[PDB]
Amino acid sequence: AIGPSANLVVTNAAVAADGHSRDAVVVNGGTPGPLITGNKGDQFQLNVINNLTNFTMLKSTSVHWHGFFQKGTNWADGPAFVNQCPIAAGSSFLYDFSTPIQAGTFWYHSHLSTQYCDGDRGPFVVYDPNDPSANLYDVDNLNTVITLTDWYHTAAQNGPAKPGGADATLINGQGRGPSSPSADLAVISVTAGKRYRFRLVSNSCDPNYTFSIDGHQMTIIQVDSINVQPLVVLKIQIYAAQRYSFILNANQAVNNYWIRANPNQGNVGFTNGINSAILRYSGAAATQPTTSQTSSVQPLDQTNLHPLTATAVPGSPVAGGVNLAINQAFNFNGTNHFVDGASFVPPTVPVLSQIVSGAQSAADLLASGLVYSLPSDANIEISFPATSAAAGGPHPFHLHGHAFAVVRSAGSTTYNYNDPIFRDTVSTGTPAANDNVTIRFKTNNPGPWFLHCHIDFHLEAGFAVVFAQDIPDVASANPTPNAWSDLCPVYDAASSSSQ
Ligand SMILES: CC(=O)N[C@@H]1[C@@H](O)[C@H](O)[C@@H](CO)O[C@@H]1O
Ligand SMILES: CC(=O)N[C@@H]1[C@@H](O)[C@H](O)[C@@H](CO)O[C@@H]1O
Ligand SMILES: *[C@H]1O[C@H](CO)[C@@H](O)[C@H](O)[C@@H]1O
Ligand SMILES: [Cu+2]
Ligand SMILES: [Cu+2]
Ligand SMILES: [Cu+2]
Ligand SMILES: [Cu+2]
């Protein structure tokens with residue numbers, strides 16, 4: 001609800017998310033942060049105020065607006081040392097950008113190191129006054145957004161480098177156990193007979209969830225901010241950073257129903273209402289559900305998602321039928337992730353500043369072996385063949401600045417150049433299934449753009465490349481405000497323990 005223009009004050013505070021108390025990074029007093037809203041066409045002016053004091057979770061910050069294209073505003077994209085230097089403690093920085101052509105469910109999170117795990121993360125929804133699916137539901141507001149969070153009792157920079165499971169799943173900021181199975185659960189209210197556009201966002205740093213609601217079907221109308229043909233499911237497997245709008249018809253008996261969100265790892269199952277929340281019909285008692293889980297007969301399959309209005313796949317309906325095709329060979333050496341033999345090490349000068357100060361190709365750009373230049377107005381094919389060489393499957397890869405066509409999904413051997421879904425975060429599957437997840441996009445948006453695994457622990461360990469798209473037009477297409485130009489000198493001046 002906090003309108004198109006708002007202050008985002010970022011501070012440290014103790015939080016009892018799951019009944020356990022620990023210090024964390026919070027936005028306007030709480031984590032996950034407040035929900036940001038606006039309408040398609042709005043100008044978003046988000047003043048991020050860095051009042052952090054704690055070095056262990058990082059005093060500096062940078063916020064990424066997940067799903068937004070940032071066309072002409074690459075500087076505002078967020079990723080530290082790619083699009084900006086971090087905001088320094090005590091200073092504030094304005095993120096100013098328009099959204100003329102996008103509408104849907106989004107989110108925002110720190111894009112400095114693993115900071116967002118320590119709770120710089122929250123939802124962001126842009127409503128469409130002319131939404132094509134508006135006639136399919138009665139209710140769509142703050143109370144229809146559902147966030148999922150993997151919550152850790154030990155801080156990001158304090159625990160294991162690859163945690164492999166959270167202590168508690170949070171649904172709408174609340175969750176349980178297993179050393180605190182009496183903590184408050186989230187309650188979501190429905191009125192029997194009404195239809196709801198529930199906007200599901202994974203704010204997750206790592207795990208994926210099998211999401212379901214006892215006794216109810218779900219009609220998917222949106223995937224990663226892309227309007228989608230109505231698809232009836234009863235189980236959604238949602239990977240880190242992904243979004244779905246589904247319509248729930250409140251057509252069951254007035255009762256309490258278990259909302260379930262089962263992690264792929266960590267504390268699995270539902271003993272004592274862990275990984276759980278409550279769907280409560282108006283009139284039903286303020287108690288826990290007694291509903292029992294049924295087998296998922298219609299699970300979400302990504303190859304069944306198709307865009308609402310026909311949307312052509314870049315290039316031509318043949319393998320390699322594009323201007324530039326790139327394969328991403330994954331690797332891991334015990335502590336570091338490698339793409340095509342290179343592990344991402346953030347440079348001192350943000351890639352953006354390097355281009356504006358007049359780098360011409362990948363060879364002029366630091367983080368060498370990690371930047372790929374892309375020509376403008378071209379079709380691009382990326383493939384991410386799954387391999388045992390990189391531990392921690394399935395890896396959800398995310399592309400900044402673009403939505404892409406998923407011509408080949410995980411768990412499928414078919415290539416769809418006709419009508420596959422477009423999105424911005426995609427599971428790259430498992431080596432065991434011989435997956436070769438393949439995506440396509442159009443270079444219509446000049447600037448440096450991150451492509452990385454949206455398991456934040458893996459990004460931190462270098463699992464990243466940068467697409468330097470249309471270098472010639474970067475500086476001129478992305479004019480930067482002095483506040484942005486000031487960011488680096490101020491941050492670079494800082495002592496190490498004030499970072
Ligand atoms: C009593 C003790 O061991 N203290 C530490 C605390 O310093 C640290 O902040 C936390 C990690 O988030 O773990 C532990 O509680
Ligand atoms: C930045 C740097 O020097 N890191 C390397 C890293 O690439 C490599 O994975 C490791 C061996 O496992 O040795 C070093 O620490
Ligand atoms: C599948 O992805 C690409 C296809 O372009 C191949 O080159 C690779 O070998 C993988 O198996
Ligand atoms: Cu993101
Ligand atoms: Cu993003
Ligand atoms: Cu990963
Ligand atoms: Cu990113």
Side-chain angles (χ1 to χ4, degrees), residues 12-15 17 20-25 54-57 62-70 74 76-80 82-83 97 102 105-111 114 116-119 121 124 151-160 163 166-167 179 201-203 224-225 240-243 315 318-322 324-330 340 380-387 389 396-404 407-408 410 412-415 417 423-426 428-429 431 433-440 445 447-454 456 459 464 466-467:
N12 293 286
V15 297
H20 181 93
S21 203
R22 57 98 100 204
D23 264 280
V25 182
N54 200 317
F55 170 70
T56 327
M57 296 174 295
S62 194
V63 182
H64 168 52
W65 321 98
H66 192 122
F68 300 106
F69 294 153
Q70 302 284 178
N74 182 272
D77 194 36
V82 171
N83 309 95
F97 57 97
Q102 280 183 277
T105 314
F106 299 86
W107 65 299
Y108 65 93
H109 60 83
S110 172
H111 219 298
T114 52
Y116 90 78
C117 307
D118 289 332
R121 55 177 149 197
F124 190 145
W151 192 244
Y152 304 92
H153 292 151
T154 320
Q157 300 213 324
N158 265 349
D167 295 298
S179 83
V201 209
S202 158
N203 299 344
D224 295 3
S225 310
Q242 290 188 150
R243 290 134 282 134
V318 159
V322 289
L324 178 50
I326 306 172
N327 195 248
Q328 307 302 199
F330 298 151
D340 287 343
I380 315 294
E381 186 168 74
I382 318 293
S383 60
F384 314 84
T387 173
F397 265 79
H398 168 48
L399 181 66
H400 288 235
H402 305 270
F404 50 75
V407 307
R408 166 107 185 264
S412 180
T413 59
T414 132
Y415 288 85
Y417 311 107
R423 69 186 313 162
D424 66 48
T425 305
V426 71
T428 58
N434 294 296
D435 288 321
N436 212 323
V437 172
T438 303
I439 65 147
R440 285 186 187 194
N445 190 5
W449 302 111
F450 232 175
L451 176 72
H452 67 88
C453 188
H454 215 298
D456 211 23
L459 165 71
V466 173
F467 287 148

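Computed from heavy atoms alone, side chains included, the values below leave out hydrogens, waters and symmetry copies. Both counts, for ligands and for their atoms, begin at 1 and track the order of listing. Along the sequence shown, residues carry numbers from 1.
- Of all protein heavy atoms, the one lying nearest to atom 5 (O) of ligand 3 is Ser383 OG, 4.2 Å.
- Of the candidates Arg243, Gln102, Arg423, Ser225 forms a side chain to side chain donor-acceptor pair (under 3.5 Å) with just one, namely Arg243.
- Put simply, the side chain of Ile382 does not reach to within 4.5 Å of the side chain of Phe404, judged on heavy atoms.
- Contact of the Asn12 side chain with the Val25 side chain is registered, since non-hydrogen atoms from C-beta on lie closer than 4.5 Å.
- Using a 4.5 Å heavy-atom threshold, the side chains of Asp224 and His398 count as separate.
- Separating the OG1 atom in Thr387 from the CZ atom in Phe330 is a distance of 9.0 Å, to the nearest 0.5 Å.
- Side-chain contact check for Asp424 and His66: at least one donor-acceptor pair (N or O, by modelled atom type) lies under 3.5 Å.
- Within the 3.5 Å criterion, the main-chain N or O of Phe384 finds no donor-acceptor partner in the side chain of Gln328.
- Protein residues lining ligand 1, listed by chain and number: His153, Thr154, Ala155, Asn158 [non-hydrogen atoms, distance under 4.0 Å].
- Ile380 is listed as a side-chain neighbour of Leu324, based on a closest heavy-atom distance under 4.5 Å.
- The aromatic rings of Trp107 and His454 sit tilted, their planes meeting at an angle between 30° and 60°.
- The shortest N or O to N or O distance between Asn436 and ligand 3 is under 3.5 Å.
- Nearest protein heavy-atom neighbour of atom 7 (O) of ligand 3: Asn327 ND2, 4.1 Å.
- Taking the six-membered ring for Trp and thresholds of 30 and 60 degrees, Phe68 and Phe106 have nearly parallel ring planes, at less than 30 degrees apart.
- Less than 2.8 Å away from the Cu ion (ligand 5), the protein contributes these N/O/S atoms: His64 NE2, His398 NE2.
- Side-chain contact check for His400 and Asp77: at least one donor-acceptor pair (N or O, by modelled atom type) lies under 3.5 Å.
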